[PDB]
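Scroll down for the structure; my scribbles are underneath it.
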Amino acid sequence: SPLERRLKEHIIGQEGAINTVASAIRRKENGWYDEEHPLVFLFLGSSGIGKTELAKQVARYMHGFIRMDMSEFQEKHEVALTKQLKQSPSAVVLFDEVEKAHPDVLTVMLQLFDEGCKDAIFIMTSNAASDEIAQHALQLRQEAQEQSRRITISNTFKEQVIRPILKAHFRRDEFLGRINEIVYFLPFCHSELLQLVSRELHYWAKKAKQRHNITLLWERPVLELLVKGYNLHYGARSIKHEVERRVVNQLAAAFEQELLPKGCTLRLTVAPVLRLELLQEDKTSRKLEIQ
Amino acid sequence: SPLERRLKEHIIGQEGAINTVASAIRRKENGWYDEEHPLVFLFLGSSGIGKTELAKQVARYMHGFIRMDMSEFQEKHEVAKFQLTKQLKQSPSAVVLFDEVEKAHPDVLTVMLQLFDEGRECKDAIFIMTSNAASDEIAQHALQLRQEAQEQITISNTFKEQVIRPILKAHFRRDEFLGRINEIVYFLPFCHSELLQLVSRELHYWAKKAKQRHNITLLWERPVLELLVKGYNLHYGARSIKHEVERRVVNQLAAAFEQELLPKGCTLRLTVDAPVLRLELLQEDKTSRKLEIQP
Amino acid sequence: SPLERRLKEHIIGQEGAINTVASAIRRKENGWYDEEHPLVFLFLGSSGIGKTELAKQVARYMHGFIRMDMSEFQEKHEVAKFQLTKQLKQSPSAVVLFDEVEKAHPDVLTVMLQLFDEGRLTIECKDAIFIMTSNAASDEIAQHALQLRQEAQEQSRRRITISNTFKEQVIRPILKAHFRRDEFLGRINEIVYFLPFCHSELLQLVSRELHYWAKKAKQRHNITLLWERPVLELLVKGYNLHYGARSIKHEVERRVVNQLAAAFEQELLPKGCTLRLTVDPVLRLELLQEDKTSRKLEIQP
């Protein structure tokens, strides 16, 4: 769908997720879904790997966005959205941390999904079965890598392993039955980590040339070296930190030591240490000593 | 090896387990294990799929068998009791099986560890500790590995180190313990073929008994087998199908026998016609036809 | 002292400790400790880095060894149980090791203190050695050791004894807080420090085990086992702080000896062979061909 390809052009990775979301939406548009009812997605996966940003991008494509935290609403006191939906009837709404919600917020939610604000999209994000998803993901990765030596999410895996987990977590068959699509977010593969680092280094190169006319270039071992500082626990922004803490610090230091005049060509190359190389009028390069 | 062949000839399925265990044992004999220490195996997997009898058969091959329950030792006073010394007295070089090892005291495992490192004289005993650790990750990994085989049996190394080492290090919290373990032996859930072999074994027993006392020749066909293997429940294992066989076949045999339907020297063939099991009787017509058993 | 050197020749690393223990022993046996009293050592350090073996070898030198766990004796009924008096009745002048005295009940430590200062239980226990082992200030000792190693290697780039000031201004507080009795700490003859192994000593550990295996391989299967130093460091790369020396044992037994076992069952190792471990990071087992070449062996499961 056009939607599928512009999300594909603004999000790194998660092609399963993107396909399911886009195709479900245009399934609704083709009328194979109740025209009078809003869509219900359940984003299963690990943290910080594109859920909130995917939601923000579909929201951006069709308009306009609302976000809420369910840990705030885990008992009746907080159980006791309508304002934000009064502002926008047809908007993408993101319920985060649903696994920690109170069952009558889940009844209020269910009847809201059934009565419908009919042209809105409802995305619920959970940390359910994320480690089964993870272990399945790596078995798949190894199986895919053994095949190359010689990712689709399996259906039997969903019904026999993940259905018990969800049924146990939510206690309501009416709820799981209500859900239009369970969207899976798989962990990043090596290539996409590479894409992340490349994105950040591009940002820094862009502003560097924009303010100080510094031309920043790099080579692939730089990218892999940086990709080796990826943290699973908080995800994509992990690598952003690492860049900003092993590349940009040296750029800053070298800048304040007056090693980087305007109009330079600076290329990063590579316990493997990252070497910062400057282009001379010798049309050759040499490594900067930053002390 | 002869030990390997005899484990393969008395236990159904679990060839991974047999190989791992046998290969570790003759690894010791060759002389590539510390020769003054008893071996330590950790039995991971699900219940009732061959652990205790694999132990029993190693015991049977080399001899003399001891079994203890760790769930019993969930108190510090029972740690001071950990009859074990009396058991190692009658036989020092014996297979010793610790069940429910995950539910054990830190003091109990320190004492265990001290047997393992010292052999306080038990230098030729085999120590098998069986646990319910990571059983659902093991179960799921095996299920997806079975799916790969269907699309087209080994436990992956990255799987053990990046998945099962965390679970174990968490369940035992003492690295010298896991380090001490000679081998972590994996018991995978039965695949269909093994279920078929199980049912066939039971039916074989009953056929044997039938010809033995009432001279009844019992025969069957494979749809009988699959009909019966669908009466397997994962919760207890082999005796699930044992029970199922006795609850869909021999009950019918018993009933038909009591109603004067099964003479001596008779030939009875089970077949399948909710698919119901039919008992076809061989007539002097040299043809056969279903028996009608009154409720 | 001869005793110090023999400890040095059966124990790897920990020379500070050996120095203190031996020197205390011959300080008393010159006559500069009260002679009617047994010695009290307090082994401060990390786990599995030589304490129990040092005690065991001192015991071996002078004979005869007794070992008790204080974690067992942490309340009053257990204080009535504190037994020691029986095993000490068997041998009066023996090395006795109290483990985890950190976790003792304050008056099983008064019973202990009175044993130390009276040297009698009648059971005369003079000329006995009493070693108390604790996990006190182990993270301060560890962190001080690490900045010591670093400043030493910094000095080496420009071209380990523990400071007394560190003891008094940092760990004396830790100990005082842990034991809340000044007569107890005051009673202690020597506080023996056990430092974490340094790289050289880890290397010696791996080399020791590989020697054991070379010995057994040549003993029964007439296999000559050889290696090179990158093998040694490859193996020390898997050392675990948490339980110490046997970590290294485990690893040699589980990255080297397993392959010897595998290659042996596949008939790759006949009698009279020369097998040399190298590093290619993968460990490679080179078998000596009669073509004056050491080809790598391929092992198939």
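Things to note:
- Quarter of the Cα convex hull surface for the stretch A:108-153, i.e. its orientation-mean projected area (nm²): 5.1 nm²
- Our compactness index for the stretch A:58-120, the C-alpha radius of gyration over the empirical 2.2 N^0.38 Å, is 1.15.
- Across all C-alpha atoms in chain C, the radius of gyration and Dmax reach 23.6, 75 Å.
- Values of log10 I(q)/I(0) for the stretch A:145-284 across q = 0.19, 0.21 Å⁻¹ run -1.11, -1.26, by the Debye formula with one identical scatterer at each alpha carbon and no solvent.
- Kirkwood radius and radius of gyration were both taken over the C-alpha atoms of the stretch A:221-264, and their ratio Rg/Rh is 1.12.
- Estimated D of the stretch C:136-225 in µm² per second, where Rh is the Kirkwood radius over Cα pairs and Stokes-Einstein applies at 25 °C, 0.890 mPa s: 147 µm²/s
- Convex hull volume of the Cα atoms of the stretch B:193-268, normalised per residue: 79 Å³.
- Hull-based mean projected area of the stretch C:243-301, where the convex hull spans the alpha carbons, in square nanometres: 5.2 nm²
- Amide H contacts of B:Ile49: none lie under 5 Å away among residues 5 or more positions distant or on a separate chain (H built 1.01 Å from N in the peptide plane; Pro and chain starts excluded).
- Note on the protein assembly as shown: Cα Rg divided by 2.2 N^0.38 Å, N the number of residues, gives 1.22.
- In the stretch B:165-246, trypsin sites (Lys or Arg not before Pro) in a DSSP loop with at most 14 other beta-carbon atoms within 10 Å: B:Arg173, B:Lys230
- Taking only the C-alpha atoms of the stretch A:6-114, the Rg (one decimal) and the largest Cα-Cα distance, Dmax (whole number), read 14.7, 43 Å.
- In loop segments of the stretch C:2-45 as defined by DSSP, the chymotrypsin sites (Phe, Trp or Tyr not before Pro) with at most 10 further C-beta atoms inside 10 Å of their C-beta are C:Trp32.
- Charge context of B:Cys191, other residues only, Cβ under 15 angstrom, K/R +1, D/E -1: -3
- For C:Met68, B:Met112, A:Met124, order by how many other beta-carbon atoms lie within 10 Å, fewest first: C:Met68, B:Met112, A:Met124
- Ordering of A:6-13, A:94-101, B:127-134 by burial proxy (mean other Cβ atoms within 10 Å per residue, highest first): B:127-134, A:94-101, A:6-13
- Hull shadow area, averaged, the stretch C:40-170 [alpha-carbon convex hull, nm²]: 10.0 nm²
- In this simple spin-label model, placing a label point 7 Å from the Cα along the Cα-to-Cβ direction at both A:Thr107 and B:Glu246 gives a separation of 4.8 nm.
- A simple spin-label model places pseudo-atoms 7 Å from Cα toward Cβ; at A:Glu159 and A:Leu138 they are separated by 2.8 nm.
- Percent antiparallel among DSSP beta bridges (both partners in chain C, rounded to 5): 30 percent
Reconstructed Cβ throughout: ideal geometry from the backbone, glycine too, with neighbour counts over all protein chains shown. Bear in mind these aren't lab numbers, they're just calculated from the coordinates by the rules spelled out.
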